[PDB]
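S.K.: Take a look at input31.cif, mmCIF, C-alpha atoms:
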```cif
data_run
#
loop_
_atom_site.group_PDB
_atom_site.id
_atom_site.type_symbol
_atom_site.label_atom_id
_atom_site.label_comp_id
_atom_site.auth_asym_id
_atom_site.auth_seq_id
_atom_site.Cartn_x
_atom_site.Cartn_y
_atom_site.Cartn_z
ATOM 1 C CA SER H 22 -50.668 64.754 13.273
ATOM 2 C CA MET H 23 -53.350 66.352 11.275
ATOM 3 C CA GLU H 24 -50.673 68.378 9.373
ATOM 4 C CA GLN H 25 -48.914 65.089 8.324
ATOM 5 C CA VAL H 26 -52.215 63.838 6.997
ATOM 6 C CA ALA H 27 -52.887 67.065 5.015
ATOM 7 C CA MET H 28 -49.362 66.835 3.560
ATOM 8 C CA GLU H 29 -50.033 63.223 2.631
ATOM 9 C CA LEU H 30 -53.319 64.155 0.951
ATOM 10 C CA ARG H 31 -51.386 66.862 -1.151
ATOM 11 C CA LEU H 32 -48.860 64.121 -2.178
ATOM 12 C CA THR H 33 -51.668 61.782 -3.127
ATOM 13 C CA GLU H 34 -53.293 64.407 -5.243
ATOM 14 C CA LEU H 35 -49.945 65.293 -6.924
ATOM 15 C CA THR H 36 -49.559 61.553 -7.627
ATOM 16 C CA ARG H 37 -53.010 61.578 -9.261
ATOM 17 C CA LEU H 38 -52.090 64.500 -11.493
ATOM 18 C CA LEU H 39 -48.624 63.008 -12.401
ATOM 19 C CA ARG H 40 -50.297 59.705 -13.288
ATOM 20 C CA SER H 41 -52.458 61.512 -15.835
ATOM 21 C CA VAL H 42 -49.351 63.452 -17.100
ATOM 22 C CA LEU H 43 -47.436 60.137 -17.430
ATOM 23 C CA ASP H 44 -50.266 58.622 -19.426
ATOM 24 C CA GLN H 45 -50.435 61.543 -21.740
ATOM 25 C CA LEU H 46 -46.616 61.523 -22.298
ATOM 26 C CA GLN H 47 -46.504 57.800 -22.901
ATOM 27 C CA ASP H 48 -49.201 58.150 -25.583
ATOM 28 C CA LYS H 49 -46.704 60.275 -27.457
ATOM 29 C CA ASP H 50 -44.556 57.100 -27.749
ATOM 30 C CA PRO H 51 -46.799 54.872 -29.745
ATOM 31 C CA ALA H 52 -43.881 52.688 -30.867
ATOM 32 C CA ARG H 53 -43.193 51.854 -27.147
ATOM 33 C CA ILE H 54 -39.513 52.705 -27.624
ATOM 34 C CA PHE H 55 -39.316 54.186 -24.107
ATOM 35 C CA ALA H 56 -41.681 51.784 -22.326
ATOM 36 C CA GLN H 57 -39.121 49.565 -20.630
ATOM 37 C CA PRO H 58 -35.472 49.689 -19.476
ATOM 38 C CA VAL H 59 -32.794 49.252 -22.077
ATOM 39 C CA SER H 60 -31.925 45.519 -21.759
ATOM 40 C CA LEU H 61 -28.338 44.909 -20.485
ATOM 41 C CA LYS H 62 -28.569 41.416 -21.937
ATOM 42 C CA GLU H 63 -29.114 42.987 -25.400
ATOM 43 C CA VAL H 64 -26.982 46.150 -24.933
ATOM 44 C CA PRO H 65 -24.248 44.870 -22.588
ATOM 45 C CA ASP H 66 -22.093 48.054 -22.746
ATOM 46 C CA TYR H 67 -25.050 50.408 -21.995
ATOM 47 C CA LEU H 68 -23.952 51.502 -18.507
ATOM 48 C CA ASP H 69 -20.513 52.431 -19.871
ATOM 49 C CA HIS H 70 -22.365 55.114 -21.935
ATOM 50 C CA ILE H 71 -25.416 56.049 -19.830
ATOM 51 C CA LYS H 72 -24.961 56.551 -16.117
ATOM 52 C CA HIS H 73 -28.589 57.055 -15.106
ATOM 53 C CA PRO H 74 -30.885 54.905 -17.301
ATOM 54 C CA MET H 75 -34.606 55.742 -17.267
ATOM 55 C CA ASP H 76 -37.821 54.534 -18.924
ATOM 56 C CA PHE H 77 -41.554 54.830 -18.466
ATOM 57 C CA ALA H 78 -41.981 51.569 -16.454
ATOM 58 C CA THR H 79 -39.342 52.686 -13.970
ATOM 59 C CA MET H 80 -41.112 56.090 -13.638
ATOM 60 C CA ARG H 81 -44.456 54.366 -13.051
ATOM 61 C CA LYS H 82 -42.959 52.276 -10.197
ATOM 62 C CA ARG H 83 -41.616 55.427 -8.548
ATOM 63 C CA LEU H 84 -44.887 57.267 -9.082
ATOM 64 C CA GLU H 85 -47.003 54.498 -7.501
ATOM 65 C CA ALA H 86 -44.790 54.449 -4.457
ATOM 66 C CA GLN H 87 -45.549 58.234 -4.285
ATOM 67 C CA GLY H 88 -41.864 58.844 -4.873
ATOM 68 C CA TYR H 89 -42.185 62.147 -6.785
ATOM 69 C CA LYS H 90 -42.366 65.044 -4.253
ATOM 70 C CA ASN H 91 -42.880 67.755 -6.869
ATOM 71 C CA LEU H 92 -43.176 68.134 -10.665
ATOM 72 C CA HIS H 93 -39.457 69.048 -11.016
ATOM 73 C CA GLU H 94 -38.461 65.515 -9.858
ATOM 74 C CA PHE H 95 -40.853 63.903 -12.391
ATOM 75 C CA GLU H 96 -39.597 66.143 -15.213
ATOM 76 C CA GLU H 97 -36.002 65.252 -14.329
ATOM 77 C CA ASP H 98 -36.788 61.547 -14.974
ATOM 78 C CA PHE H 99 -38.667 62.331 -18.239
ATOM 79 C CA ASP H 100 -35.752 64.412 -19.516
ATOM 80 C CA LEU H 101 -33.418 61.446 -18.688
ATOM 81 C CA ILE H 102 -35.427 59.217 -21.019
ATOM 82 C CA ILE H 103 -34.993 61.684 -23.878
ATOM 83 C CA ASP H 104 -31.469 62.841 -23.176
ATOM 84 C CA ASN H 105 -30.075 59.249 -22.634
ATOM 85 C CA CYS H 106 -31.515 58.238 -26.033
ATOM 86 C CA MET H 107 -30.206 61.269 -27.894
ATOM 87 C CA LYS H 108 -26.662 60.534 -26.629
ATOM 88 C CA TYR H 109 -26.567 56.745 -27.177
ATOM 89 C CA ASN H 110 -28.246 56.775 -30.565
ATOM 90 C CA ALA H 111 -27.203 58.742 -33.644
ATOM 91 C CA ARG H 112 -29.313 61.387 -35.331
ATOM 92 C CA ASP H 113 -30.206 59.133 -38.262
ATOM 93 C CA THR H 114 -31.888 56.494 -36.131
ATOM 94 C CA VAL H 115 -35.536 55.711 -35.382
ATOM 95 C CA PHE H 116 -34.615 55.866 -31.669
ATOM 96 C CA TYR H 117 -33.171 59.397 -31.758
ATOM 97 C CA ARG H 118 -36.036 60.616 -33.892
ATOM 98 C CA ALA H 119 -38.603 59.051 -31.482
ATOM 99 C CA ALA H 120 -37.002 60.958 -28.640
ATOM 100 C CA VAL H 121 -37.148 64.278 -30.483
ATOM 101 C CA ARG H 122 -40.860 63.758 -31.223
ATOM 102 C CA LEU H 123 -41.546 62.752 -27.593
ATOM 103 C CA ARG H 124 -39.712 65.835 -26.334
ATOM 104 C CA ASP H 125 -41.589 68.174 -28.679
ATOM 105 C CA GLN H 126 -45.016 66.684 -28.024
ATOM 106 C CA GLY H 127 -44.419 66.264 -24.282
ATOM 107 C CA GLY H 128 -43.541 69.981 -23.901
ATOM 108 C CA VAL H 129 -47.161 70.971 -24.421
ATOM 109 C CA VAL H 130 -48.437 68.523 -21.721
ATOM 110 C CA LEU H 131 -45.759 69.589 -19.267
ATOM 111 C CA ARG H 132 -46.418 73.301 -19.806
ATOM 112 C CA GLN H 133 -50.036 72.892 -18.634
ATOM 113 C CA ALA H 134 -49.074 70.473 -15.857
ATOM 114 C CA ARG H 135 -46.885 73.139 -14.324
ATOM 115 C CA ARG H 136 -49.712 75.672 -14.410
ATOM 116 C CA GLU H 137 -52.046 73.065 -12.681
ATOM 117 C CA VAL H 138 -49.539 72.150 -10.032
ATOM 118 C CA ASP H 139 -49.051 75.877 -9.157
ATOM 119 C CA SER H 140 -52.775 76.669 -9.558
ATOM 120 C CA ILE H 141 -54.139 73.807 -7.280
ATOM 121 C CA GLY H 142 -51.002 74.195 -5.066
#
```
What would the structure in this file look like if it were written as structure tokens?
M.R.:
Amino acid sequence: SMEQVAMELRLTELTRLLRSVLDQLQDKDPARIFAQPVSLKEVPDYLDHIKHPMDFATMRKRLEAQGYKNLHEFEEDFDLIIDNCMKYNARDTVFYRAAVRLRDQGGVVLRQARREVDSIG
């Protein structure tokens, strides 16, 4: 149908905007701490601690399959990155501190993303 096409064009354009958001958030991680999945070879107990692991490569795979329907879904995954790290790692660690800085800096990007998503529809 023509409606299915219009809906698909909307999803494609959301995917475009989320790709730019993802790039901007990942620039706030210049140490690449959050770039890839926590290795279960190197942290064999990880899944005993963290039930829903997340990282920027995993988000990018979902995004490119157009697997984010709305901004809320994308934000859920970004918050997982931060929240997983802040539980597994202690406050005095470079990991925890990276997550705090990513959260604080990402907030700004996500605030305007939400306005754009609502604005463009």
S.K.: Which one is closest to residue 89 (chain H): H:39, H:139, H:133, H:31? Count all atoms listed in the file.
M.R.: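 Of the candidates, the smallest distance to residue 89 (chain H) is held by H:39.
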S.K.: What would the selection look like, as a ChimeraX atom specification, if the PyMOL selection byres ((chain H and resi 93-97) around 10) were run on the coordinates I just shared?
M.R.: /H:39,42-43,80,83-84,88-92,98-102,131,135
S.K.: Calculated over all atoms listed in the file, which of the candidates H:85, H:59, H:65, H:129 has the smallest distance to residue 105 (chain H)?
M.R.: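 Answer, going by the shortest atom-to-atom distance: H:59.
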S.K.: What's the separation between CA of residue 86 (chain H) and CA of residue 37 (chain H), in Å to one decimal place?
M.R.: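 CA of residue 37 (chain H) lies 11.9 Å from CA of residue 86 (chain H).
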S.K.: Report the residues retrieved by the PyMOL selection byres ((chain H and resi 115-122) around 9) from the displayed file, expressed as a list in words.
M.R.: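 When the PyMOL selection byres ((chain H and resi 115-122) around 9) is applied, the selected residues are residues 49, 50, 52, 54, 55, 102, 103, 104, 106, 107, 108, 109, 110, 111, 112, 113, 114, 123, 124, 125, 126 and 127 of chain H.
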S.K.: Distance CA of residue 79 (chain H)-CA of residue 58 (chain H), one decimal place?
M.R.: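 Those two atoms sit 7.4 Å apart.
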S.K.: As an exercise, work out the distance from CA of residue 142 (chain H) to CA of residue 82 (chain H) in Å and give it to one decimal place.
M.R.: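 Interatomic distance, CA of residue 142 (chain H) to CA of residue 82 (chain H): 23.9 Å.
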S.K.: Could you check which of H:61, H:130, H:138, H:23 is closest to residue 44 (chain H), using all atoms listed in the file?
M.R.: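 Once distances to residue 44 (chain H) are computed over all atoms listed in the file, the minimum belongs to H:130.
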S.K.: Please determine, counting all atoms listed in the file, which residue among H:70, H:81, H:53, H:136 has the shortest atom-to-atom distance to residue 41 (chain H).
M.R.: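 Using all atoms listed in the file, the shortest distance to residue 41 (chain H) belongs to H:81.
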S.K.: Find the residue from H:57, H:62, H:24, H:134 that sits nearest to residue 74 (chain H); use all atoms listed in the file when measuring.
M.R.: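 Residue with the minimum atom-to-atom distance to residue 74 (chain H): H:57.
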S.K.: Find the smallest box with edges along x, y and z containing every listed atom of region 65-83 of chain H, then add 8 Å on each side and report centre and edge lengths in Å to one decimal, as lines of an AutoDock Vina configuration file.
M.R.:
```
center_x = -32.5
center_y = 51.0
center_z = -15.6
size_x = 39.9
size_y = 28.2
size_z = 30.2
```
S.K.: Rebuild region 52-72 of chain H so that it carries N, CA, C and O atoms, then output the result as a PDB file, in the frame of the given file.
M.R.:
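Result file follows (selection06.pdb):
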```
ATOM      1  N   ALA H  52     -44.744  53.825 -30.545  1.00  0.00           N
ATOM      2  CA  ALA H  52     -43.881  52.688 -30.867  1.00  0.00           C
ATOM      3  C   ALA H  52     -43.366  51.905 -29.602  1.00  0.00           C
ATOM      4  O   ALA H  52     -42.827  50.802 -29.701  1.00  0.00           O
ATOM      5  N   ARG H  53     -43.657  52.454 -28.397  1.00  0.00           N
ATOM      6  CA  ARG H  53     -43.193  51.854 -27.147  1.00  0.00           C
ATOM      7  C   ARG H  53     -41.657  51.734 -27.031  1.00  0.00           C
ATOM      8  O   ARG H  53     -41.138  50.875 -26.354  1.00  0.00           O
ATOM      9  N   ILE H  54     -40.963  52.663 -27.682  1.00  0.00           N
ATOM     10  CA  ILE H  54     -39.513  52.705 -27.624  1.00  0.00           C
ATOM     11  C   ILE H  54     -39.001  52.955 -26.215  1.00  0.00           C
ATOM     12  O   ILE H  54     -37.931  52.370 -25.817  1.00  0.00           O
ATOM     13  N   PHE H  55     -39.787  53.688 -25.444  1.00  0.00           N
ATOM     14  CA  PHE H  55     -39.316  54.186 -24.107  1.00  0.00           C
ATOM     15  C   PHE H  55     -40.078  53.480 -22.971  1.00  0.00           C
ATOM     16  O   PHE H  55     -39.955  53.835 -21.771  1.00  0.00           O
ATOM     17  N   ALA H  56     -40.846  52.442 -23.283  1.00  0.00           N
ATOM     18  CA  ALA H  56     -41.681  51.784 -22.326  1.00  0.00           C
ATOM     19  C   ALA H  56     -40.991  51.008 -21.256  1.00  0.00           C
ATOM     20  O   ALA H  56     -41.449  50.930 -20.123  1.00  0.00           O
ATOM     21  N   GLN H  57     -39.817  50.435 -21.557  1.00  0.00           N
ATOM     22  CA  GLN H  57     -39.121  49.565 -20.630  1.00  0.00           C
ATOM     23  C   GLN H  57     -37.593  49.935 -20.554  1.00  0.00           C
ATOM     24  O   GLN H  57     -37.053  50.526 -21.471  1.00  0.00           O
ATOM     25  N   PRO H  58     -36.915  49.499 -19.500  1.00  0.00           N
ATOM     26  CA  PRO H  58     -35.472  49.689 -19.476  1.00  0.00           C
ATOM     27  C   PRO H  58     -34.728  49.135 -20.605  1.00  0.00           C
ATOM     28  O   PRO H  58     -35.115  48.069 -21.122  1.00  0.00           O
ATOM     29  N   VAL H  59     -33.756  49.849 -21.116  1.00  0.00           N
ATOM     30  CA  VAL H  59     -32.794  49.252 -22.077  1.00  0.00           C
ATOM     31  C   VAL H  59     -32.244  47.954 -21.475  1.00  0.00           C
ATOM     32  O   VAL H  59     -31.777  47.902 -20.330  1.00  0.00           O
ATOM     33  N   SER H  60     -32.410  46.841 -22.207  1.00  0.00           N
ATOM     34  CA  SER H  60     -31.925  45.519 -21.759  1.00  0.00           C
ATOM     35  C   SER H  60     -30.351  45.374 -21.738  1.00  0.00           C
ATOM     36  O   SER H  60     -29.742  45.552 -22.772  1.00  0.00           O
ATOM     37  N   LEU H  61     -29.765  45.045 -20.591  1.00  0.00           N
ATOM     38  CA  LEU H  61     -28.338  44.909 -20.485  1.00  0.00           C
ATOM     39  C   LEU H  61     -27.938  43.569 -21.015  1.00  0.00           C
ATOM     40  O   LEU H  61     -26.792  43.379 -21.434  1.00  0.00           O
ATOM     41  N   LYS H  62     -28.887  42.622 -21.133  1.00  0.00           N
ATOM     42  CA  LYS H  62     -28.569  41.416 -21.937  1.00  0.00           C
ATOM     43  C   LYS H  62     -28.332  41.761 -23.374  1.00  0.00           C
ATOM     44  O   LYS H  62     -27.348  41.326 -23.945  1.00  0.00           O
ATOM     45  N   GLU H  63     -29.207  42.573 -23.990  1.00  0.00           N
ATOM     46  CA  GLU H  63     -29.114  42.987 -25.400  1.00  0.00           C
ATOM     47  C   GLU H  63     -28.152  44.167 -25.788  1.00  0.00           C
ATOM     48  O   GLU H  63     -27.734  44.320 -26.973  1.00  0.00           O
ATOM     49  N   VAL H  64     -27.922  45.053 -24.803  1.00  0.00           N
ATOM     50  CA  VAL H  64     -26.982  46.150 -24.933  1.00  0.00           C
ATOM     51  C   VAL H  64     -26.024  46.093 -23.741  1.00  0.00           C
ATOM     52  O   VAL H  64     -26.077  46.881 -22.768  1.00  0.00           O
ATOM     53  N   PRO H  65     -25.098  45.096 -23.748  1.00  0.00           N
ATOM     54  CA  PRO H  65     -24.248  44.870 -22.588  1.00  0.00           C
ATOM     55  C   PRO H  65     -23.320  46.009 -22.148  1.00  0.00           C
ATOM     56  O   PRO H  65     -23.082  46.084 -20.976  1.00  0.00           O
ATOM     57  N   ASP H  66     -22.945  46.894 -23.058  1.00  0.00           N
ATOM     58  CA  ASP H  66     -22.093  48.054 -22.746  1.00  0.00           C
ATOM     59  C   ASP H  66     -22.911  49.282 -22.298  1.00  0.00           C
ATOM     60  O   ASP H  66     -22.285  50.326 -22.118  1.00  0.00           O
ATOM     61  N   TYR H  67     -24.239  49.168 -22.127  1.00  0.00           N
ATOM     62  CA  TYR H  67     -25.050  50.408 -21.995  1.00  0.00           C
ATOM     63  C   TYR H  67     -24.576  51.319 -20.835  1.00  0.00           C
ATOM     64  O   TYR H  67     -24.562  52.566 -20.978  1.00  0.00           O
ATOM     65  N   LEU H  68     -24.234  50.721 -19.705  1.00  0.00           N
ATOM     66  CA  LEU H  68     -23.952  51.502 -18.507  1.00  0.00           C
ATOM     67  C   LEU H  68     -22.569  52.146 -18.610  1.00  0.00           C
ATOM     68  O   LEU H  68     -22.294  53.073 -17.832  1.00  0.00           O
ATOM     69  N   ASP H  69     -21.745  51.726 -19.598  1.00  0.00           N
ATOM     70  CA  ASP H  69     -20.513  52.431 -19.871  1.00  0.00           C
ATOM     71  C   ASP H  69     -20.813  53.811 -20.513  1.00  0.00           C
ATOM     72  O   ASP H  69     -20.007  54.750 -20.469  1.00  0.00           O
ATOM     73  N   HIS H  70     -21.976  53.913 -21.189  1.00  0.00           N
ATOM     74  CA  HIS H  70     -22.365  55.114 -21.935  1.00  0.00           C
ATOM     75  C   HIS H  70     -23.293  55.966 -21.072  1.00  0.00           C
ATOM     76  O   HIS H  70     -23.141  57.222 -21.009  1.00  0.00           O
ATOM     77  N   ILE H  71     -24.282  55.362 -20.504  1.00  0.00           N
ATOM     78  CA  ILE H  71     -25.416  56.049 -19.830  1.00  0.00           C
ATOM     79  C   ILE H  71     -25.364  55.712 -18.317  1.00  0.00           C
ATOM     80  O   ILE H  71     -25.517  54.557 -17.887  1.00  0.00           O
ATOM     81  N   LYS H  72     -25.130  56.770 -17.547  1.00  0.00           N
ATOM     82  CA  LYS H  72     -24.961  56.551 -16.117  1.00  0.00           C
ATOM     83  C   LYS H  72     -26.220  56.466 -15.300  1.00  0.00           C
ATOM     84  O   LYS H  72     -26.201  55.900 -14.168  1.00  0.00           O
TER      85      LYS H  72
END
```
